[PDB]
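To keep things clear, I will list the structure first and then write my remarks on it.
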Amino acid sequence: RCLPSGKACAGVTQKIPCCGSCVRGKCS
């Protein structure tokens, strides 16, 4: 369920981290 870049990753305690790397509250 990793999030593909272009999304707002704002919840380190989420189900899945950024498929890539979440930076600046933005899946990069």
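In the structure tokens, chains take the letters A, B, ... in the order shown, each chain's residues start at 1, and ligands count up from 1 in the order shown.
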Distance query residue A:4 at most 8 Å, only C-alpha atoms, self and fewer than 3 positions along chain excluded, as a PyMOL selection string: chain A and resi 7+18-20+27-28
Only C-alpha atoms, please: the residues just picked out, written as a compact mmCIF listing (two decimals), in the first residue's frame.
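Result file follows (out_12.txt):
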# COMPACT_ATOMS: atom_id res chain seq x y z
CA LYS A 7 0.81 12.38 -2.43
CA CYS A 18 6.20 6.32 0.88
CA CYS A 19 6.91 3.56 -1.67
CA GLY A 20 9.82 5.87 -2.32
CA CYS A 27 5.74 11.30 -0.95
CA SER A 28 8.82 11.76 -3.17
8 Å contact set for residue A:26, only C-alpha atoms, chain neighbours under 5 positions out, as a PyMOL selection string: chain A and resi 5-10
Could you write out the selected residues, including C-alpha atoms, as a compact mmCIF listing (two decimals), in the first residue's frame?
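Resulting contents of out35.txt:
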# COMPACT_ATOMS: atom_id res chain seq x y z
CA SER A 5 5.15 10.06 -5.09
CA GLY A 6 2.75 12.98 -5.67
CA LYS A 7 0.81 12.38 -2.43
CA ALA A 8 0.73 14.17 0.95
CA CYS A 9 2.48 11.77 3.37
CA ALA A 10 1.64 13.44 6.70
Within 10 Å of residue A:15 using only C-alpha atoms, minus same-chain residues under 4 positions, as a ChimeraX atom specification: /A:1-3,11
In chain A, DSSP strand (DSSP E or B) residues written as a list in words: residues 3, 18, 22, 23, 26 and 27 of chain A
With N, CA, C and O atoms kept, could you save the residues just selected as an mmCIF file, in the first residue's frame?
data_model
loop_
_atom_site.group_PDB
_atom_site.id
_atom_site.type_symbol
_atom_site.label_atom_id
_atom_site.label_comp_id
_atom_site.auth_asym_id
_atom_site.auth_seq_id
_atom_site.Cartn_x
_atom_site.Cartn_y
_atom_site.Cartn_z
ATOM 1 N N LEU A 3 2.705 4.605 -0.629
ATOM 2 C CA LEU A 3 2.136 5.731 -1.419
ATOM 3 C C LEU A 3 3.108 6.159 -2.520
ATOM 4 O O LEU A 3 4.266 6.419 -2.258
ATOM 5 N N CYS A 18 6.106 5.991 2.331
ATOM 6 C CA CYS A 18 6.202 6.325 0.881
ATOM 7 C C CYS A 18 6.916 5.206 0.123
ATOM 8 O O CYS A 18 8.051 4.874 0.408
ATOM 9 N N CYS A 22 9.124 9.556 1.873
ATOM 10 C CA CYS A 22 8.268 10.739 2.187
ATOM 11 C C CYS A 22 9.121 11.895 2.710
ATOM 12 O O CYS A 22 9.754 11.798 3.742
ATOM 13 N N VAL A 23 9.130 12.995 2.007
ATOM 14 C CA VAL A 23 9.928 14.166 2.468
ATOM 15 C C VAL A 23 9.095 15.438 2.339
ATOM 16 O O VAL A 23 8.342 15.614 1.405
ATOM 17 N N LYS A 26 5.560 15.149 1.754
ATOM 18 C CA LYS A 26 5.162 14.844 0.363
ATOM 19 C C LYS A 26 5.868 13.583 -0.145
ATOM 20 O O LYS A 26 7.075 13.541 -0.270
ATOM 21 N N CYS A 27 5.119 12.557 -0.446
ATOM 22 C CA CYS A 27 5.735 11.302 -0.954
ATOM 23 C C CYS A 27 6.623 11.628 -2.159
ATOM 24 O O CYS A 27 6.149 12.044 -3.196
#
